[PDB]
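S.K.: So I've got this file, start.csv, and it contains CSV, C-alpha atoms and all ligand atoms:
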chain,number,residue,atom,x,y,z
E,8,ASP,CA,-95.3,36.4,43.0
E,9,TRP,CA,-94.6,35.1,46.4
E,10,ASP,CA,-96.4,31.9,47.7
E,11,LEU,CA,-97.3,31.6,51.4
E,12,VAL,CA,-96.0,28.2,52.4
E,13,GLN,CA,-97.0,28.1,56.1
E,14,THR,CA,-98.0,30.2,59.1
E,15,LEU,CA,-94.9,31.1,61.1
E,16,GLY,CA,-97.0,32.6,64.0
E,22,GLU,CA,-100.1,36.4,61.6
E,23,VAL,CA,-96.8,35.8,59.8
E,24,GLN,CA,-96.4,33.2,57.0
E,25,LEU,CA,-93.5,32.0,55.1
E,26,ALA,CA,-93.4,33.3,51.6
E,27,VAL,CA,-91.2,31.7,48.8
E,28,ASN,CA,-90.5,33.4,45.4
E,29,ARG,CA,-91.6,30.7,43.0
E,30,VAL,CA,-89.0,32.2,40.6
E,31,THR,CA,-85.8,32.8,42.6
E,32,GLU,CA,-86.9,30.4,45.2
E,33,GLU,CA,-85.8,32.9,47.9
E,34,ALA,CA,-87.6,32.7,51.2
E,35,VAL,CA,-89.0,35.7,53.2
E,36,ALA,CA,-91.4,36.3,56.1
E,37,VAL,CA,-94.7,38.0,55.5
E,38,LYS,CA,-96.5,39.8,58.3
E,39,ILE,CA,-100.2,40.4,57.6
E,40,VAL,CA,-102.0,43.3,59.4
E,41,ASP,CA,-105.6,44.4,58.9
E,42,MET,CA,-107.3,47.2,60.9
E,51,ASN,CA,-98.9,51.6,65.2
E,52,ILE,CA,-98.3,49.8,61.9
E,53,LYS,CA,-97.2,53.1,60.3
E,54,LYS,CA,-94.5,53.4,63.0
E,55,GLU,CA,-93.4,49.8,62.7
E,56,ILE,CA,-92.7,50.4,59.0
E,57,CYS,CA,-91.0,53.8,59.7
E,58,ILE,CA,-88.8,52.3,62.3
E,59,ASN,CA,-88.0,49.3,60.2
E,60,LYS,CA,-86.9,51.5,57.3
E,61,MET,CA,-84.1,52.9,59.6
E,62,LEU,CA,-82.8,49.5,60.6
E,63,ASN,CA,-79.7,47.9,59.2
E,64,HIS,CA,-77.6,45.4,61.2
E,65,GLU,CA,-76.7,41.7,61.1
E,66,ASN,CA,-78.4,41.2,64.5
E,67,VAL,CA,-81.7,42.8,63.5
E,68,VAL,CA,-84.3,41.1,61.3
E,69,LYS,CA,-84.0,42.7,57.8
E,70,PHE,CA,-86.8,44.9,56.5
E,71,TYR,CA,-87.2,44.4,52.7
E,72,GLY,CA,-90.4,46.3,51.9
E,73,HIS,CA,-94.1,46.6,52.3
E,74,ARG,CA,-97.2,46.9,50.2
E,75,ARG,CA,-100.7,48.4,50.9
E,76,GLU,CA,-103.4,46.2,49.3
E,79,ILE,CA,-104.4,44.7,54.5
E,80,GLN,CA,-100.8,45.8,54.9
E,81,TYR,CA,-98.0,43.4,54.0
E,82,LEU,CA,-94.5,43.4,55.6
E,83,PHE,CA,-91.5,41.8,54.0
E,84,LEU,CA,-89.1,40.6,56.7
E,85,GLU,CA,-85.9,38.5,56.7
E,86,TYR,CA,-86.8,34.9,57.2
E,87,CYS,CA,-85.0,33.1,60.0
E,88,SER,CA,-85.0,29.4,59.4
E,89,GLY,CA,-83.6,28.8,62.9
E,90,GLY,CA,-86.8,29.8,64.6
E,91,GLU,CA,-87.1,31.6,67.9
E,92,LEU,CA,-84.5,31.5,70.6
E,93,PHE,CA,-87.3,30.5,72.9
E,94,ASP,CA,-87.1,27.0,71.3
E,95,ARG,CA,-83.4,26.5,72.1
E,96,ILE,CA,-84.1,26.8,75.8
E,97,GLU,CA,-84.7,23.4,77.5
E,98,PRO,CA,-87.3,24.0,80.3
E,99,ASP,CA,-85.8,24.0,83.8
E,100,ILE,CA,-82.4,23.5,82.2
E,101,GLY,CA,-81.5,26.4,79.9
E,102,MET,CA,-78.7,25.7,77.4
E,103,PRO,CA,-74.9,25.2,77.3
E,104,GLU,CA,-73.3,28.3,78.9
E,105,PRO,CA,-71.2,28.8,75.7
E,106,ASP,CA,-74.3,29.0,73.4
E,107,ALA,CA,-75.9,31.4,75.9
E,108,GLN,CA,-72.8,33.7,75.9
E,109,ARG,CA,-72.7,33.7,72.2
E,110,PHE,CA,-76.4,34.6,71.9
E,111,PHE,CA,-75.9,37.2,74.5
E,112,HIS,CA,-73.0,38.8,72.7
E,113,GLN,CA,-75.1,39.1,69.5
E,114,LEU,CA,-78.0,40.4,71.6
E,115,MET,CA,-75.8,43.2,73.0
E,116,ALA,CA,-74.6,44.0,69.4
E,117,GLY,CA,-78.2,44.2,68.2
E,118,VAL,CA,-79.1,46.5,71.2
E,119,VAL,CA,-76.1,48.7,71.1
E,120,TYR,CA,-77.0,49.3,67.5
E,121,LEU,CA,-80.7,50.2,68.1
E,122,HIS,CA,-79.7,52.4,71.0
E,123,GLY,CA,-77.1,54.1,68.9
E,124,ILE,CA,-79.8,55.3,66.4
E,125,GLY,CA,-82.2,56.3,69.2
E,126,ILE,CA,-84.5,53.3,69.0
E,127,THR,CA,-85.7,51.1,71.9
E,128,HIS,CA,-87.4,47.7,71.1
E,129,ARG,CA,-89.4,47.7,74.4
E,130,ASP,CA,-90.3,44.0,74.1
E,131,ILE,CA,-87.1,41.9,74.2
E,132,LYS,CA,-87.8,38.3,75.0
E,133,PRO,CA,-86.9,34.9,73.6
E,134,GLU,CA,-90.0,34.9,71.4
E,135,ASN,CA,-88.6,38.0,69.6
E,136,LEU,CA,-85.0,36.7,69.1
E,137,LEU,CA,-84.9,34.7,65.9
E,138,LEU,CA,-82.2,32.5,64.6
E,139,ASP,CA,-80.9,32.2,61.0
E,140,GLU,CA,-79.1,29.3,59.4
E,141,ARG,CA,-75.8,29.8,61.2
E,142,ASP,CA,-77.8,30.4,64.4
E,143,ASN,CA,-77.1,34.1,64.3
E,144,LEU,CA,-79.5,36.0,66.5
E,145,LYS,CA,-81.8,38.7,65.1
E,146,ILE,CA,-84.0,41.1,67.0
E,147,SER,CA,-87.5,40.8,65.6
E,148,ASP,CA,-90.8,42.8,65.8
E,149,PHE,CA,-90.7,46.6,66.2
E,150,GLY,CA,-94.4,46.8,66.5
E,151,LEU,CA,-93.8,48.1,70.1
E,152,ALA,CA,-90.5,49.9,69.4
E,153,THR,CA,-90.2,53.7,69.7
E,154,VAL,CA,-87.8,56.6,69.4
E,155,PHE,CA,-86.0,57.7,72.6
E,156,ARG,CA,-83.4,60.0,71.0
E,157,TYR,CA,-84.0,62.5,68.2
E,158,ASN,CA,-81.7,65.4,67.3
E,159,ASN,CA,-79.4,64.2,70.2
E,160,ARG,CA,-82.3,64.9,72.5
E,161,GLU,CA,-83.4,62.1,74.8
E,162,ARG,CA,-87.1,61.7,75.6
E,163,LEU,CA,-88.2,59.7,78.7
E,164,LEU,CA,-90.8,57.0,78.1
E,165,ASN,CA,-94.2,57.3,79.6
E,166,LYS,CA,-96.1,54.3,78.4
E,167,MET,CA,-96.3,50.7,79.8
E,168,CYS,CA,-94.9,48.3,77.3
E,169,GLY,CA,-93.6,44.7,76.8
E,170,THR,CA,-94.1,41.5,78.8
E,171,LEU,CA,-94.3,41.5,82.6
E,172,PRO,CA,-91.6,38.8,83.3
E,173,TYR,CA,-89.2,40.8,81.2
E,174,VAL,CA,-90.2,44.4,82.3
E,175,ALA,CA,-88.0,46.6,84.4
E,176,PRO,CA,-89.4,47.6,87.8
E,177,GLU,CA,-89.3,51.4,87.2
E,178,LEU,CA,-91.8,51.0,84.4
E,179,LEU,CA,-94.2,49.7,87.0
E,180,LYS,CA,-93.6,52.4,89.6
E,181,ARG,CA,-92.5,55.5,87.7
E,182,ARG,CA,-94.4,58.1,85.8
E,183,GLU,CA,-91.5,58.4,83.4
E,184,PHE,CA,-88.3,56.5,82.9
E,185,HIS,CA,-85.2,56.2,80.6
E,186,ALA,CA,-85.5,53.7,77.7
E,187,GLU,CA,-82.1,52.1,77.7
E,188,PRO,CA,-82.0,50.5,81.2
E,189,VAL,CA,-85.4,49.0,80.4
E,190,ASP,CA,-83.9,47.1,77.5
E,191,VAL,CA,-80.8,46.2,79.6
E,192,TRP,CA,-83.1,44.7,82.3
E,193,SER,CA,-85.0,42.6,79.7
E,194,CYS,CA,-81.7,41.3,78.3
E,195,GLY,CA,-80.8,40.2,81.8
E,196,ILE,CA,-84.0,38.2,82.2
E,197,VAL,CA,-83.3,36.7,78.8
E,198,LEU,CA,-79.8,35.7,80.0
E,199,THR,CA,-81.4,34.2,83.1
E,200,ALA,CA,-83.8,32.2,80.9
E,201,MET,CA,-81.0,31.0,78.7
E,202,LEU,CA,-78.9,29.8,81.7
E,203,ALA,CA,-81.7,28.3,83.9
E,204,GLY,CA,-84.7,27.4,81.6
E,205,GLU,CA,-87.0,29.4,83.8
E,206,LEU,CA,-88.2,33.0,84.5
E,207,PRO,CA,-87.4,34.4,88.0
E,208,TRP,CA,-90.7,36.1,88.6
E,209,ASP,CA,-94.1,36.9,87.1
E,210,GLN,CA,-93.4,40.6,87.4
E,211,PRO,CA,-90.9,42.9,89.2
E,212,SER,CA,-93.0,44.2,92.1
E,213,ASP,CA,-92.5,43.9,95.9
E,214,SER,CA,-96.0,42.2,96.0
E,215,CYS,CA,-94.0,39.4,94.2
E,216,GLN,CA,-92.4,37.0,96.6
E,217,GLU,CA,-89.8,35.9,94.1
E,218,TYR,CA,-88.6,39.4,93.2
E,219,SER,CA,-88.4,40.2,96.9
E,220,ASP,CA,-86.1,37.2,97.4
E,221,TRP,CA,-83.7,38.3,94.7
E,222,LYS,CA,-83.6,41.8,96.2
E,223,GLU,CA,-82.7,40.0,99.4
E,224,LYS,CA,-79.9,38.1,97.6
E,225,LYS,CA,-81.4,34.7,98.3
E,226,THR,CA,-79.4,33.2,95.4
E,227,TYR,CA,-79.6,29.7,96.9
E,228,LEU,CA,-83.0,29.5,95.3
E,229,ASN,CA,-84.1,28.9,91.8
E,230,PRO,CA,-83.3,30.0,89.2
E,231,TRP,CA,-80.1,31.5,90.6
E,232,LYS,CA,-78.7,28.3,92.2
E,233,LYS,CA,-78.6,26.7,88.7
E,234,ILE,CA,-76.4,29.6,87.4
E,235,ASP,CA,-72.6,29.6,87.6
E,236,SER,CA,-71.2,32.4,89.8
E,237,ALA,CA,-69.5,34.4,86.9
E,238,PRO,CA,-72.8,34.9,84.9
E,239,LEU,CA,-74.7,35.4,88.2
E,240,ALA,CA,-72.4,38.3,89.2
E,241,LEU,CA,-73.3,39.9,85.8
E,242,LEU,CA,-77.0,39.2,86.6
E,243,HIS,CA,-76.3,40.9,89.9
E,244,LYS,CA,-75.3,44.0,88.0
E,245,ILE,CA,-78.1,44.0,85.4
E,246,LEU,CA,-81.1,43.1,87.7
E,247,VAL,CA,-80.5,46.2,89.8
E,248,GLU,CA,-83.7,47.9,90.8
E,249,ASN,CA,-82.6,51.5,90.6
E,250,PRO,CA,-82.3,52.2,86.8
E,251,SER,CA,-79.5,54.7,87.5
E,252,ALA,CA,-77.5,52.1,89.5
E,253,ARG,CA,-78.1,49.5,86.9
E,254,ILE,CA,-75.1,48.5,84.8
E,255,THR,CA,-74.9,50.0,81.3
E,256,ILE,CA,-74.0,48.2,78.1
E,257,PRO,CA,-70.5,49.7,77.7
E,258,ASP,CA,-69.9,48.2,81.2
E,259,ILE,CA,-71.5,44.9,80.4
E,260,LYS,CA,-68.9,44.7,77.6
E,261,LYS,CA,-66.2,44.8,80.3
E,262,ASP,CA,-67.8,42.2,82.7
E,263,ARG,CA,-65.7,39.1,83.5
E,264,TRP,CA,-68.2,36.4,82.4
E,265,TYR,CA,-69.0,38.4,79.2
E,266,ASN,CA,-65.3,38.3,78.4
E,267,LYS,CA,-64.6,34.8,79.7
E,268,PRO,CA,-63.8,32.4,76.9
E,269,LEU,CA,-66.1,29.4,76.6
E,270,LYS,CA,-65.8,26.0,75.0
E,301,LIG,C1,-88.7,39.3,61.5
E,301,LIG,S1,-90.3,38.4,61.2
E,301,LIG,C2,-90.0,36.7,61.3
E,301,LIG,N1,-89.1,36.0,60.6
E,301,LIG,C3,-89.2,34.8,61.0
E,301,LIG,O1,-88.6,33.9,60.5
E,301,LIG,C4,-90.2,34.7,62.0
E,301,LIG,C5,-90.5,33.5,62.6
E,301,LIG,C6,-90.0,32.2,62.4
E,301,LIG,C7,-89.1,31.9,61.5
E,301,LIG,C8,-88.7,30.6,61.5
E,301,LIG,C9,-89.4,29.8,62.4
E,301,LIG,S2,-90.4,30.8,63.2
E,301,LIG,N2,-90.7,35.9,62.2
Spell out the structure here as structure tokens.
M.R.:
Amino acid sequence: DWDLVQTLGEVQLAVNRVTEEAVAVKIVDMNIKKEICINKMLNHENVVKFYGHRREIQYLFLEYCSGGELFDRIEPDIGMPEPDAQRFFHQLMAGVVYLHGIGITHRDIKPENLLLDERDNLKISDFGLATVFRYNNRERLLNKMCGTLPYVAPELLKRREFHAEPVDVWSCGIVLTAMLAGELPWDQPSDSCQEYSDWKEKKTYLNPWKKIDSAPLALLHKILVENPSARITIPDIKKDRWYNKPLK
């Protein structure tokens, strides 16, 4: 039987006193039905593995990432070495392409939900807020507010309904911004927000943009586009110069 070593954040670390294997246990006491459902579909090296669950309080058995959250690899006001950021961003796109390929949107992509394993491989974690946006090759627009404000796409704040995919692309851009600058550009993406207004006006001589080399910044120019139809898609991110620029 598993022993709960410590609280990971509730999630606690469980270790098999026999095998000695480690996993992560998520404890929920009265959405959870869907988190499990969705988890059951998932299988990818950039998504936190679902092992199983048991209904005593409901217990979730998730891959343990001994690297912690990406959030804790970002030096405040500084970010991280551009090469580590690019690497994490590649794996983030792989994770996302995958989810999107099987009709699933995470809806809450942020450094707190990107975990690292022992080789610093990046895993998308927590599908508590995820949902299906394609079923039977039929796309459903999303009508519910979700996620965190700094990472949310603007159309979710001003539109009755919106496509799922560009919302995740936007959030990945903010994440890239965070990796490369150690700060978030704005509290939320509304015109009421001075900082978001400045970006729409291309004032890149301000923070965080001035801290970001011009190759990555040009990509951010394509991702952080307000019109979700104008916004770059992932196939096209895969062809961007910085994305493909080799880094030491
Ligand atoms: C996919 S659930 C989950 N797994 C882990 O590992 C966490 C959090 C943390 C792991 C290691 C430091 S925090 N949450």
S.K.: Could you list, as a PyMOL selection string, all the residues within 9 Å of ligand LIG 301 (chain E), counting all atoms listed in the file?
M.R.: chain E and resi 14-16+23-25+35-38+67-70+82-91+134-139+145-149
S.K.: Residues near residue 178 (chain E), anyone? I mean within 8 Å using only C-alpha atoms, not counting same-chain ones fewer than 5 positions away, as a list in words.
M.R.: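 The neighbour list is residues 167, 183, 184 and 189 of chain E.
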S.K.: Keeping only C-alpha atoms, take the residues you just selected and write them out as a compact mmCIF listing (two decimals), in the coordinates of the input.
M.R.:
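Result went into part34.txt, see below:
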# COMPACT_ATOMS: atom_id res chain seq x y z
CA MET E 167 -96.30 50.70 79.80
CA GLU E 183 -91.50 58.40 83.40
CA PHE E 184 -88.30 56.50 82.90
CA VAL E 189 -85.40 49.00 80.40
S.K.: List the residues sitting within 10 Å of (-81.4, 52.8, 65.5) in the file's frame, using only C-alpha atoms, as a list in words.
M.R.: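 Within 10 Å of (-81.4, 52.8, 65.5), the protein and nucleic acid residues are residues 58, 59, 60, 61, 62, 63, 64, 117, 118, 119, 120, 121, 122, 123, 124, 125, 126, 127, 128, 153, 154, 155 and 156 of chain E.
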S.K.: Would you write out those residues with C-alpha atoms, as a PDB file, in the coordinates of the input?
M.R.:
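Dumped everything to result.pdb:
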ATOM      1  CA  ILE E  58     -88.800  52.300  62.300  1.00  0.00           C
ATOM      2  CA  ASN E  59     -88.000  49.300  60.200  1.00  0.00           C
ATOM      3  CA  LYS E  60     -86.900  51.500  57.300  1.00  0.00           C
ATOM      4  CA  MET E  61     -84.100  52.900  59.600  1.00  0.00           C
ATOM      5  CA  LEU E  62     -82.800  49.500  60.600  1.00  0.00           C
ATOM      6  CA  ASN E  63     -79.700  47.900  59.200  1.00  0.00           C
ATOM      7  CA  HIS E  64     -77.600  45.400  61.200  1.00  0.00           C
ATOM      8  CA  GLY E 117     -78.200  44.200  68.200  1.00  0.00           C
ATOM      9  CA  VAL E 118     -79.100  46.500  71.200  1.00  0.00           C
ATOM     10  CA  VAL E 119     -76.100  48.700  71.100  1.00  0.00           C
ATOM     11  CA  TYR E 120     -77.000  49.300  67.500  1.00  0.00           C
ATOM     12  CA  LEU E 121     -80.700  50.200  68.100  1.00  0.00           C
ATOM     13  CA  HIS E 122     -79.700  52.400  71.000  1.00  0.00           C
ATOM     14  CA  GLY E 123     -77.100  54.100  68.900  1.00  0.00           C
ATOM     15  CA  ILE E 124     -79.800  55.300  66.400  1.00  0.00           C
ATOM     16  CA  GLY E 125     -82.200  56.300  69.200  1.00  0.00           C
ATOM     17  CA  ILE E 126     -84.500  53.300  69.000  1.00  0.00           C
ATOM     18  CA  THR E 127     -85.700  51.100  71.900  1.00  0.00           C
ATOM     19  CA  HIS E 128     -87.400  47.700  71.100  1.00  0.00           C
ATOM     20  CA  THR E 153     -90.200  53.700  69.700  1.00  0.00           C
ATOM     21  CA  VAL E 154     -87.800  56.600  69.400  1.00  0.00           C
ATOM     22  CA  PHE E 155     -86.000  57.700  72.600  1.00  0.00           C
ATOM     23  CA  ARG E 156     -83.400  60.000  71.000  1.00  0.00           C
TER      24      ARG E 156
END
S.K.: My list of candidates is E:206, E:72, E:182, E:12. Which is closest to residue 96 (chain E) when distances are computed with all atoms listed in the file?
M.R.: E:206
S.K.: Measure the distance from CA of residue 248 (chain E) to CA of residue 177 (chain E) in Å and round it to one decimal.
M.R.: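 Distance between the two atoms: 7.5 Å.
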